Amino acid sequence: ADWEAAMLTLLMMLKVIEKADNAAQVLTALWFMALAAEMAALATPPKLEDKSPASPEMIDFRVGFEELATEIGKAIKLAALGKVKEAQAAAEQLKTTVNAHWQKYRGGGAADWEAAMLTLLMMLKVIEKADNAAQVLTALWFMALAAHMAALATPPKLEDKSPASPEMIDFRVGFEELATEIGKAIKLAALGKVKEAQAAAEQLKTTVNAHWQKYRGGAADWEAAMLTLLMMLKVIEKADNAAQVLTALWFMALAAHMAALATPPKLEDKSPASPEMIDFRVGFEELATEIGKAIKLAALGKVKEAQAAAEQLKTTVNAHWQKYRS
Ligand SMILES: [Zn+2]
């Protein structure tokens, strides 16, 4: 993505974290912080545009940025355990790292199992008390978010094991089954099936509870993500504060990331080397690129200039969704 867009996303999310009351809104914003760090992992500040990836200056930028991702995860588990005030206290130390990292590269002119599992459970709580299709979709995407950030994680009772020993291997299938269920529930929440999606979340917490209890201690479909992009665009234009523009745009970048290797229902009989599928790859990369440019406008505070870019963004998702609509 764009380094300035994510760093100002971190700063704006740290700002809404201090203005939060319960642990859920601290957890969601902290996950939006981990979201901005993931999509801007391979980014590059405008100060370092002419340096090399092996340069010491750029090397320090990489670990200094992973220190930020590590600190975001530590604050997420504090927000996952319910320690709402110890998590907001960790956000205070988080702002010191974000500010010092931002200034050093200023424009010029997570991975914890128990945090995501407690996020999945807490997101299952916010799904059961959902009104419309928007919040169940966002919560289900936060579930796909937590499963993506804890992909290579490890339960506390299995770090000593072996990524080849079936005990850890059995943990890998049971967790990919979880991301599979989350994606199937998003597909129902995307098609407007509000009650059928919450019914899918019922059996989903069955998988979550059986998985969490087995390791406690002592994704995305193309049409599901495209309907998410289209639905998030509905939320963008019916809002007027930069944060909810930014959150919806990050859900758009979220939906484009989880369905990066996806395939429309019309194109699975083709090959990943046939140009009909190759045009689908660049055409989808054009979409994630436009979403990043609109986040930059929403991160700089330009609430309108970002919403203006969202209308032109809808022109791109509509032409893309129709050409692979079946
Ligand atoms: Zn990712």
# chains A, B, ... in the order shown; residues from 1 in each chain; ligands from 1

call {"tool": "residues_around", "arguments": {"residues": "residue 304 in chain A", "least_positions_apart": "4", "cutoff": "12 Å", "atoms": "only C-alpha atoms", "output": "short mmCIF file (atom, residue, chain, number, x, y, z; two decimals) with C-alpha atoms, in the first residue's frame"}}
result
data_model
loop_
_atom_site.label_atom_id
_atom_site.label_comp_id
_atom_site.auth_asym_id
_atom_site.auth_seq_id
_atom_site.Cartn_x
_atom_site.Cartn_y
_atom_site.Cartn_z
CA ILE A 236 -18.77 4.97 2.30
CA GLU A 237 -21.16 7.42 0.64
CA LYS A 238 -23.65 7.36 3.55
CA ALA A 239 -21.13 8.68 6.07
CA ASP A 240 -19.22 11.91 6.62
CA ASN A 241 -16.41 11.36 9.17
CA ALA A 242 -12.98 10.34 7.91
CA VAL A 245 -14.57 6.33 5.44
CA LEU A 246 -11.19 4.88 6.40
CA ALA A 294 -8.57 6.37 -1.65
CA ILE A 295 -7.24 5.39 1.78
CA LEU A 297 -7.09 10.66 0.72
CA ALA A 298 -9.08 9.42 3.73
CA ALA A 299 -5.95 9.20 5.90
CA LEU A 300 -4.89 12.79 5.13
CA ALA A 308 -15.08 11.46 -4.55
CA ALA A 309 -12.48 8.76 -5.20
CA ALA A 310 -14.97 6.19 -3.88
CA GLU A 311 -17.50 7.00 -6.62
#

call {"tool": "residues_near_ligand", "arguments": {"ligand": "ligand 1", "cutoff": "9 Å", "atoms": "only C-alpha atoms and all ligand atoms", "output": "ChimeraX atom specification"}}
result
/A:35,38-39,145,148-149,254,257-258

call {"tool": "residues_around", "arguments": {"residues": "residue 318 in chain A", "least_positions_apart": "3", "cutoff": "12 Å", "atoms": "only C-alpha atoms", "output": "ChimeraX atom specification"}}
result
/A:226-227,229-231,233,283-284,287,311-315,321-325

call {"tool": "write_last_selection", "arguments": {"atoms": "N, CA and C atoms", "output": "compact mmCIF listing (two decimals), in the first residue's frame"}}
result
# COMPACT_ATOMS: atom_id res chain seq x y z
N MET A 226 -16.45 -9.42 -3.63
CA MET A 226 -16.94 -8.38 -4.53
C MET A 226 -18.23 -7.75 -4.01
N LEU A 227 -19.14 -8.57 -3.48
CA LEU A 227 -20.32 -8.02 -2.83
C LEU A 227 -19.95 -7.26 -1.56
N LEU A 229 -17.07 -5.45 -1.38
CA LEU A 229 -16.64 -4.18 -1.96
C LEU A 229 -17.83 -3.31 -2.32
N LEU A 230 -18.82 -3.89 -3.00
CA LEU A 230 -20.00 -3.13 -3.38
C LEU A 230 -20.77 -2.65 -2.16
N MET A 231 -20.87 -3.49 -1.12
CA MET A 231 -21.62 -3.11 0.07
C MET A 231 -20.86 -2.06 0.88
N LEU A 233 -18.96 0.17 -0.37
CA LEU A 233 -19.15 1.42 -1.10
C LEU A 233 -20.48 2.07 -0.73
N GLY A 283 -6.60 -6.86 -13.58
CA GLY A 283 -7.83 -6.13 -13.34
C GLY A 283 -8.21 -6.09 -11.88
N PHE A 284 -7.86 -7.13 -11.13
CA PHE A 284 -8.09 -7.13 -9.69
C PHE A 284 -6.99 -6.38 -8.94
N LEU A 287 -7.78 -2.86 -8.81
CA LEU A 287 -8.79 -2.53 -7.81
C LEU A 287 -8.14 -2.25 -6.46
N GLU A 311 -16.57 7.10 -5.50
CA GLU A 311 -17.50 7.00 -6.62
C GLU A 311 -16.80 6.48 -7.87
N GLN A 312 -15.62 7.03 -8.18
CA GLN A 312 -14.83 6.49 -9.28
C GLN A 312 -14.37 5.07 -8.99
N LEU A 313 -14.22 4.72 -7.71
CA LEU A 313 -13.87 3.35 -7.35
C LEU A 313 -15.03 2.40 -7.64
N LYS A 314 -16.27 2.86 -7.40
CA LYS A 314 -17.43 2.03 -7.71
C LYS A 314 -17.56 1.79 -9.21
N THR A 315 -17.09 2.74 -10.03
CA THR A 315 -17.09 2.54 -11.47
C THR A 315 -16.15 1.40 -11.87
N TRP A 321 -17.01 -6.56 -11.63
CA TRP A 321 -17.93 -7.58 -11.14
C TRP A 321 -18.80 -8.11 -12.27
N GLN A 322 -19.20 -7.25 -13.21
CA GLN A 322 -20.08 -7.69 -14.29
C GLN A 322 -19.36 -8.64 -15.24
N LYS A 323 -18.10 -8.34 -15.57
CA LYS A 323 -17.37 -9.17 -16.52
C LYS A 323 -17.07 -10.57 -15.99
N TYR A 324 -17.27 -10.81 -14.69
CA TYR A 324 -17.11 -12.13 -14.10
C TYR A 324 -18.31 -12.45 -13.21
N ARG A 325 -19.49 -11.97 -13.60
CA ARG A 325 -20.64 -11.99 -12.70
C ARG A 325 -21.23 -13.39 -12.55

call {"tool": "residues_around", "arguments": {"residues": "residue 47 in chain A", "least_positions_apart": "6", "cutoff": "12 Å", "atoms": "only C-alpha atoms", "output": "ChimeraX atom specification"}}
result
/A:3-4,57-58,61,102-109

call {"tool": "write_last_selection", "arguments": {"atoms": "N, CA, C and O atoms", "output": "compact mmCIF listing (two decimals), in the first residue's frame"}}
result
# COMPACT_ATOMS: atom_id res chain seq x y z
N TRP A 3 2.85 3.94 2.56
CA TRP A 3 3.36 4.01 3.92
C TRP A 3 2.70 5.14 4.71
O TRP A 3 2.34 4.96 5.88
N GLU A 4 2.53 6.30 4.08
CA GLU A 4 1.89 7.42 4.78
C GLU A 4 0.43 7.12 5.09
O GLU A 4 -0.08 7.56 6.13
N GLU A 57 19.93 1.49 6.08
CA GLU A 57 18.88 2.44 6.39
C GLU A 57 17.50 1.81 6.20
O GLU A 57 16.62 1.94 7.06
N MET A 58 17.31 1.10 5.09
CA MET A 58 16.07 0.39 4.83
C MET A 58 15.91 -0.85 5.70
O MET A 58 14.79 -1.23 6.05
N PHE A 61 14.49 0.12 8.82
CA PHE A 61 13.08 0.45 8.63
C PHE A 61 12.20 -0.80 8.71
O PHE A 61 11.04 -0.71 9.13
N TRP A 102 7.25 7.32 12.67
CA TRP A 102 6.75 8.18 11.61
C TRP A 102 7.72 9.32 11.32
O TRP A 102 8.04 9.60 10.16
N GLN A 103 8.22 9.97 12.38
CA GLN A 103 9.12 11.11 12.20
C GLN A 103 10.39 10.71 11.46
O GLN A 103 10.85 11.44 10.57
N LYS A 104 10.97 9.56 11.82
CA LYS A 104 12.22 9.12 11.20
C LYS A 104 12.07 8.93 9.70
O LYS A 104 13.06 9.03 8.96
N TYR A 105 10.85 8.64 9.23
CA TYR A 105 10.60 8.47 7.80
C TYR A 105 9.46 9.36 7.32
O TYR A 105 8.84 9.06 6.30
N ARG A 106 9.19 10.45 8.04
CA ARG A 106 8.11 11.35 7.69
C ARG A 106 8.32 11.91 6.29
O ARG A 106 9.45 12.14 5.86
N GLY A 107 7.21 12.13 5.58
CA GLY A 107 7.17 12.50 4.18
C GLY A 107 8.31 13.36 3.66
O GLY A 107 8.82 13.13 2.56
N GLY A 108 8.72 14.35 4.45
CA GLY A 108 9.81 15.22 4.06
C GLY A 108 9.36 16.62 3.72
O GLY A 108 9.64 17.57 4.46
N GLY A 109 8.65 16.77 2.60
CA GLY A 109 8.16 18.06 2.18
C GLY A 109 6.68 18.05 1.83
O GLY A 109 5.82 18.06 2.72

call {"tool": "closest_atom_pairs", "arguments": {"of": "range 39-117 of chain A", "to": "range 122-133 of chain A", "cutoff": "10 Å", "atoms": "only C-alpha atoms", "output": "CSV"}}
result
residue,atom,partner,partner_atom,distance
A:80,CA,A:122,CA,7.9
A:81,CA,A:122,CA,9.9
A:82,CA,A:122,CA,9.8
A:116,CA,A:122,CA,9.4
A:117,CA,A:122,CA,8.5

call {"tool": "write_last_selection", "arguments": {"atoms": "N, CA and C atoms", "output": "PDB file, in the first residue's frame"}}
result
ATOM      1  N   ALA A  80      -8.171  -8.521  24.161  1.00  0.00           N
ATOM      2  CA  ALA A  80      -8.949  -9.740  23.981  1.00  0.00           C
ATOM      3  C   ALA A  80      -9.322 -10.368  25.318  1.00  0.00           C
ATOM      4  N   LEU A  81      -8.416 -10.312  26.295  1.00  0.00           N
ATOM      5  CA  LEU A  81      -8.701 -10.844  27.622  1.00  0.00           C
ATOM      6  C   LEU A  81      -9.735 -10.020  28.377  1.00  0.00           C
ATOM      7  N   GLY A  82     -10.097  -8.841  27.872  1.00  0.00           N
ATOM      8  CA  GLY A  82     -11.033  -7.967  28.540  1.00  0.00           C
ATOM      9  C   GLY A  82     -10.405  -6.806  29.278  1.00  0.00           C
ATOM     10  N   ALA A 116      -6.435 -13.988  18.747  1.00  0.00           N
ATOM     11  CA  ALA A 116      -7.370 -14.164  17.642  1.00  0.00           C
ATOM     12  C   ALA A 116      -8.536 -15.060  18.041  1.00  0.00           C
ATOM     13  N   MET A 117      -8.259 -16.132  18.787  1.00  0.00           N
ATOM     14  CA  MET A 117      -9.329 -17.023  19.222  1.00  0.00           C
ATOM     15  C   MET A 117     -10.309 -16.302  20.139  1.00  0.00           C
TER      16      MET A 117
END

call {"tool": "residues_around", "arguments": {"residues": "range 209-224 of chain A", "least_positions_apart": "5", "cutoff": "7 Å", "atoms": "only C-alpha atoms", "output": "PyMOL selection string"}}
result
chain A and resi 117+144+155-157+179-180+183+186-187+190+258-259+262-264

call {"tool": "select_by_dssp", "arguments": {"residues": "range 122-303 of chain A", "states": "alpha helix (DSSP H)", "output": "PyMOL selection string"}}
result
chain A and resi 122-128+133-149+166-190+194-214+222-237+242-258+275-299+303

call {"tool": "closest_residue", "arguments": {"among": "A:55, A:138, A:96, A:171", "to": "residue 159 in chain A", "atoms": "only C-alpha atoms"}}
result
A:171

call {"tool": "atom_distance", "arguments": {"atom1": "CA of residue 22 in chain A", "atom2": "CA of residue 140 in chain A"}}
result
19.3 Å

call {"tool": "atom_distance", "arguments": {"atom1": "CA of residue 79 in chain A", "atom2": "CA of residue 204 in chain A"}}
result
22.1 Å

call {"tool": "residues_around", "arguments": {"residues": "residue 158 in chain A", "least_positions_apart": "3", "cutoff": "9 Å", "atoms": "only C-alpha atoms", "output": "VMD selection string"}}
result
chain A and resid 154 to 155 161 to 162 167 to 168 215

call {"tool": "atom_distance", "arguments": {"atom1": "CA of residue 76 in chain A", "atom2": "CA of residue 115 in chain A"}}
result
6.3 Å

call {"tool": "residues_around", "arguments": {"residues": "range 289-292 of chain A", "least_positions_apart": "3", "cutoff": "8 Å", "atoms": "only C-alpha atoms", "output": "list in words"}}
result
residues 1, 2, 5, 249, 252, 253, 285, 286, 295, 296 and 313 of chain A

call {"tool": "decode", "arguments": {"residues": "range 60-104 of chain A", "atoms": "N, CA and C atoms", "output": "short mmCIF file (atom, residue, chain, number, x, y, z; two decimals), in the first residue's frame"}}
result
data_model
loop_
_atom_site.label_atom_id
_atom_site.label_comp_id
_atom_site.auth_asym_id
_atom_site.auth_seq_id
_atom_site.Cartn_x
_atom_site.Cartn_y
_atom_site.Cartn_z
N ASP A 60 16.93 -1.18 8.84
CA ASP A 60 16.41 -0.68 10.11
C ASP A 60 14.93 -0.32 10.00
N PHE A 61 14.49 0.12 8.82
CA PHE A 61 13.08 0.45 8.63
C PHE A 61 12.20 -0.80 8.71
N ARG A 62 12.73 -1.96 8.32
CA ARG A 62 11.92 -3.18 8.31
C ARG A 62 11.71 -3.73 9.71
N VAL A 63 12.78 -3.85 10.50
CA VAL A 63 12.64 -4.34 11.87
C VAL A 63 11.92 -3.31 12.73
N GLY A 64 12.22 -2.03 12.52
CA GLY A 64 11.49 -0.98 13.22
C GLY A 64 10.01 -0.98 12.95
N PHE A 65 9.60 -1.50 11.79
CA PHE A 65 8.19 -1.65 11.46
C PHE A 65 7.61 -2.94 12.01
N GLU A 66 8.40 -4.01 12.06
CA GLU A 66 7.93 -5.25 12.66
C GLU A 66 7.85 -5.13 14.18
N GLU A 67 8.68 -4.26 14.78
CA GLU A 67 8.50 -3.93 16.19
C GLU A 67 7.13 -3.32 16.43
N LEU A 68 6.63 -2.54 15.47
CA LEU A 68 5.30 -1.98 15.60
C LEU A 68 4.23 -3.06 15.50
N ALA A 69 4.38 -3.98 14.55
CA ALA A 69 3.42 -5.07 14.42
C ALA A 69 3.43 -5.96 15.65
N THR A 70 4.61 -6.19 16.23
CA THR A 70 4.69 -6.98 17.46
C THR A 70 3.99 -6.28 18.61
N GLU A 71 4.14 -4.95 18.70
CA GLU A 71 3.52 -4.21 19.80
C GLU A 71 2.01 -4.13 19.63
N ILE A 72 1.52 -4.08 18.39
CA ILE A 72 0.07 -4.08 18.16
C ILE A 72 -0.54 -5.38 18.64
N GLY A 73 0.13 -6.51 18.37
CA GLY A 73 -0.39 -7.79 18.80
C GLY A 73 -0.44 -7.93 20.31
N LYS A 74 0.56 -7.40 21.00
CA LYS A 74 0.58 -7.46 22.46
C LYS A 74 -0.59 -6.68 23.06
N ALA A 75 -0.95 -5.56 22.43
CA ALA A 75 -2.11 -4.79 22.87
C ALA A 75 -3.43 -5.44 22.50
N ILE A 76 -3.43 -6.30 21.48
CA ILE A 76 -4.67 -6.96 21.07
C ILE A 76 -5.06 -8.04 22.08
N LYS A 77 -4.08 -8.81 22.56
CA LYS A 77 -4.39 -9.84 23.55
C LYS A 77 -4.85 -9.22 24.86
N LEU A 78 -4.26 -8.09 25.25
CA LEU A 78 -4.75 -7.37 26.42
C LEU A 78 -6.18 -6.90 26.21
N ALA A 79 -6.52 -6.49 24.98
CA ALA A 79 -7.89 -6.14 24.65
C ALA A 79 -8.77 -7.36 24.43
N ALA A 80 -8.17 -8.52 24.16
CA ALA A 80 -8.95 -9.74 23.98
C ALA A 80 -9.32 -10.37 25.32
N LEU A 81 -8.42 -10.31 26.29
CA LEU A 81 -8.70 -10.84 27.62
C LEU A 81 -9.73 -10.02 28.38
N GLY A 82 -10.10 -8.84 27.87
CA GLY A 82 -11.03 -7.97 28.54
C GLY A 82 -10.40 -6.81 29.28
N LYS A 83 -9.09 -6.83 29.48
CA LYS A 83 -8.38 -5.73 30.14
C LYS A 83 -8.45 -4.49 29.26
N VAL A 84 -9.60 -3.80 29.32
CA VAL A 84 -9.84 -2.66 28.44
C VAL A 84 -8.93 -1.49 28.80
N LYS A 85 -8.58 -1.34 30.08
CA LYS A 85 -7.77 -0.21 30.52
C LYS A 85 -6.28 -0.50 30.46
N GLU A 86 -5.88 -1.77 30.60
CA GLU A 86 -4.50 -2.16 30.35
C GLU A 86 -4.17 -2.18 28.86
N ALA A 87 -5.18 -2.40 28.01
CA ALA A 87 -4.96 -2.32 26.58
C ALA A 87 -4.84 -0.87 26.12
N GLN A 88 -5.72 0.01 26.62
CA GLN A 88 -5.60 1.43 26.31
C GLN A 88 -4.30 2.00 26.87
N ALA A 89 -3.81 1.45 27.98
CA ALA A 89 -2.50 1.84 28.49
C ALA A 89 -1.39 1.36 27.56
N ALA A 90 -1.56 0.20 26.93
CA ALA A 90 -0.59 -0.26 25.95
C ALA A 90 -0.65 0.57 24.68
N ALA A 91 -1.81 1.16 24.37
CA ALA A 91 -1.90 2.05 23.22
C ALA A 91 -1.13 3.34 23.45
N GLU A 92 -0.96 3.74 24.71
CA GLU A 92 -0.14 4.91 25.02
C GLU A 92 1.31 4.66 24.63
N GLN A 93 1.86 3.51 25.03
CA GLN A 93 3.19 3.13 24.59
C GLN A 93 3.24 2.88 23.09
N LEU A 94 2.12 2.46 22.51
CA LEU A 94 2.06 2.25 21.06
C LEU A 94 2.21 3.56 20.31
N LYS A 95 1.61 4.64 20.82
CA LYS A 95 1.72 5.93 20.16
C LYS A 95 3.15 6.43 20.15
N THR A 96 3.92 6.12 21.20
CA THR A 96 5.33 6.52 21.23
C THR A 96 6.12 5.83 20.14
N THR A 97 5.81 4.56 19.86
CA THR A 97 6.51 3.84 18.81
C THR A 97 6.08 4.33 17.43
N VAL A 98 4.79 4.61 17.25
CA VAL A 98 4.29 5.08 15.96
C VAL A 98 4.84 6.47 15.65
N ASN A 99 4.84 7.36 16.64
CA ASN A 99 5.34 8.72 16.41
C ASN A 99 6.83 8.71 16.07
N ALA A 100 7.63 8.00 16.87
CA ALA A 100 9.07 7.95 16.62
C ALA A 100 9.38 7.29 15.29
N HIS A 101 8.59 6.30 14.89
CA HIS A 101 8.79 5.66 13.60
C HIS A 101 8.32 6.55 12.46
N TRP A 102 7.25 7.32 12.67
CA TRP A 102 6.75 8.18 11.61
C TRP A 102 7.72 9.32 11.32
N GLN A 103 8.22 9.97 12.38
CA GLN A 103 9.12 11.11 12.20
C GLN A 103 10.39 10.71 11.46
N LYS A 104 10.97 9.56 11.82
CA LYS A 104 12.22 9.12 11.20
C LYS A 104 12.07 8.93 9.70
#
